[PDB]
Amino acid sequence: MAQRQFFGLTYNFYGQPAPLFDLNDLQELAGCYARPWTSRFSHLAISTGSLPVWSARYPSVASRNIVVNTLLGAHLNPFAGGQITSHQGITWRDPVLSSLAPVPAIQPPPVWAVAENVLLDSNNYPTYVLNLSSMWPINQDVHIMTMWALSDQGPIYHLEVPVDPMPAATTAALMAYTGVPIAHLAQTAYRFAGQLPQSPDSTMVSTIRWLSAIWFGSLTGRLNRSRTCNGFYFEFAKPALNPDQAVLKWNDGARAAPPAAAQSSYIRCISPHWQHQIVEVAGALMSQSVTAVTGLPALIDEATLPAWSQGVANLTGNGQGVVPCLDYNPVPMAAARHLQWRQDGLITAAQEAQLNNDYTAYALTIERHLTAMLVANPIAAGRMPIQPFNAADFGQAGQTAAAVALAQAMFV
Amino acid sequence: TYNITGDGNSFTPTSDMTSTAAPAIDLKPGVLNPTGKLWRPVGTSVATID
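Quick mapping for you: the protein sequence lines, in order, are chains A and B.
In terms of this note's numbering, the first sequence opens at residue -7 and continues consecutively.
In terms of this note's numbering, the second sequence opens at residue 113 and continues consecutively.
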């Protein structure tokens, strides 16, 4: 459980002298908030895609995701520093990291450690490791950070399908949640996992992992009304505009072909649109929780990775689990899914496939233009409350169809 | 089969019935073909027609 070298990776800056935010933005953060724990962040995220994700400070959910990380990244360098630093805005409310404090009065001596792009090992800091219990909830948060920050893309999400020994208890419970969107399940899960210093009790753990698969499987095409995980799939509600909300649905059609034993993938999203896709994001947050429990195959090998995030400690390698990451552009996948569906003869392409591809084309456009227009500001001012990214990044490529095919074969 | 060494057997050679067997058959290359070799859409479902 206490995975000793709990080393976590802080984000790089987009050819910036400073970490990604300006002083005002960080003020906003620290100050208008208090706790270093994701409650506040989740509050925003949870509101079932109703509220516009846009604000003056915070362009998207994912935006906030990024400034959450950078916040972390900067302010940790303080207390996680070699001999303890902390000033300029943040001087930690107690050594045990209780709250984001504006500089305690007679406390200058712990400097503001000017770091560059640097991973840190939580357990190498004596304060941190003393407080192993309280460390646990924040490590979760940490992972979230690291696993966006590792790359320059949409989140590196992990998948797991342990085949065969499947707890009967899991089944039973999970059925009761039928009707709800992935989002709220996730929320409860994270809350639990934090609330109790994390357990070896695989219950929780297994459950999240199964869920993740079923979602992903659904989203691909592999999983649907007629091809289920025993009854399990995720139903994409409202077939018009692109908001097609994945609810957990239990319908008995077929029980899909039990894979060979243990199937693992990781997905990333190459396209900035990820930002407005709460679905995608919520799997990634799921896979983080998973991490806390489990020592996942040493992270997505440096082959698809920017130079600053090569050669990292015990994270990227070359000859390990999951050497390449499975990569997608969200709008091509929807097409992929319709493909399968049609190949199976579930449905006529005629009107179904045409219509939704029409709407997602629209949704792309809207998103693309908004993300670009918003990025313009940070791409001219000293402030960055957003993912950094070029227009060529939107490209319909990035191994999109391979991902899909791999996900599928996984299900065999 | 019947005893060959019996009575009733006709010896009637007619123009109508000119000896023939199948001595040889046509095996011209040209003639061997008809035609199309059988193929598949890569190996995946009805998409890869290309």
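For every residue, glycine included, the Cβ atom is placed at its ideal position computed from N, Cα and C.
Quick one: what does DSSP say residue i is sitting in, helix, strand or coil?
i                 : result
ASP319 of chain A : strand
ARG49 of chain A  : coil
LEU21 of chain A  : helix
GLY0 of chain A   : strand
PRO70 of chain A  : helix
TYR149 of chain A : strand
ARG85 of chain A  : strand
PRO189 of chain A : coil
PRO154 of chain A : strand
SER78 of chain A  : coil
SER91 of chain A  : strand
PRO146 of chain B : coil
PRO153 of chain B : coil
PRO173 of chain A : strand
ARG329 of chain A : helix
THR160 of chain B : coil
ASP138 of chain B : coil
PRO324 of chain A : helix
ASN57 of chain A  : helix
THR117 of chain B : coil
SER127 of chain B : helix
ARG32 of chain A  : helix
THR195 of chain A : helix
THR163 of chain A : helix
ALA299 of chain A : helix
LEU63 of chain A  : helix
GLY209 of chain A : helix
Can you list, in chain order, the residues of its chain with a C-beta nearer than 6 Å to that of residue i? Leave out the 5 residues immediately preceding and following it.
i                      : result
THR199 of chain A      : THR162
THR62 of chain A       : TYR3, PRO11, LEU12, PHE13
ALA326 of chain A      : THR352
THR30 of chain A       : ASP133
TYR25 of chain A       : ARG32
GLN99 of chain A       : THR83
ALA355 of chain A      : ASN234
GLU152 of chain A      : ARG201, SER256
residue 408 of chain A : Any property of residue 408 of chain A remains undetermined from this structure, which presents chain A solely from -7 to 404.
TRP266 of chain A      : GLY146, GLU272
Classify residue i as buried or exposed, calling it buried when 16 or more other Cβ atoms lie within 10 Å of its own Cβ.
i                 : result
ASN69 of chain A  : buried
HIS150 of chain A : buried
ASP293 of chain A : buried
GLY275 of chain A : buried
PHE123 of chain B : exposed
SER114 of chain A : buried
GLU359 of chain A : buried
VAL271 of chain A : buried
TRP151 of chain B : exposed
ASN131 of chain A : buried
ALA133 of chain B : exposed
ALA205 of chain A : buried
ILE116 of chain B : exposed
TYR225 of chain A : buried
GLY118 of chain B : exposed
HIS135 of chain A : buried
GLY311 of chain A : exposed
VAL106 of chain A : exposed
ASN348 of chain A : buried
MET167 of chain A : exposed
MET278 of chain A : buried
Quick one: residues in its chain with C-beta nearer than 7 Å to the C-beta of residue i, no 5 flanking neighbours on either side, listed in chain order?
i                  : result
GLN(-5) of chain A : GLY287
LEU366 of chain A  : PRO51, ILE378
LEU338 of chain A  : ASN216, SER218
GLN190 of chain A  : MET(-7), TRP128, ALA284, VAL285
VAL172 of chain A  : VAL239, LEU240
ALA232 of chain A  : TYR351
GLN(-3) of chain A : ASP113, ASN115, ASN306
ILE161 of chain B  : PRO153
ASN123 of chain A  : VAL88
In chain order, what residues of the same chain lie with their CB nearer than 8 Å to the CB of residue i, ignoring the 5 residues before and after it?
i                 : result
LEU318 of chain A : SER257, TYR258, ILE259, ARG260, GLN391, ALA394, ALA395, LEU398, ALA399
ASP138 of chain B : none
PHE184 of chain A : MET196
Q) Quick one: complete beta strand (DSSP E) runs, 3+ long, within the region 218 to 297 of chain A? A) 224 to 229, 237 to 242, 258 to 261
Q. Going along the region 308 to 338 of chain A in order, which residues come within less than 9 Å of chain B, judged by CB to CB distance?
A. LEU331, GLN332, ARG334, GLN335, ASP336
Q. Between the region 144 to 159 of chain B and chain A, which residues of the former have CB atoms less than 7 Å from a CB of the latter, in chain order?
A. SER157, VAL158, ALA159
Q) Curious, which full-length alpha helix (DSSP H) runs of at least 4 residues does the region 95 to 129 of chain A contain? A) 118 to 122
Q) Unbroken alpha helix (DSSP H) runs of length 4 or more, entirely within the region 333 to 377 of chain A: which are they? A) 341 to 368
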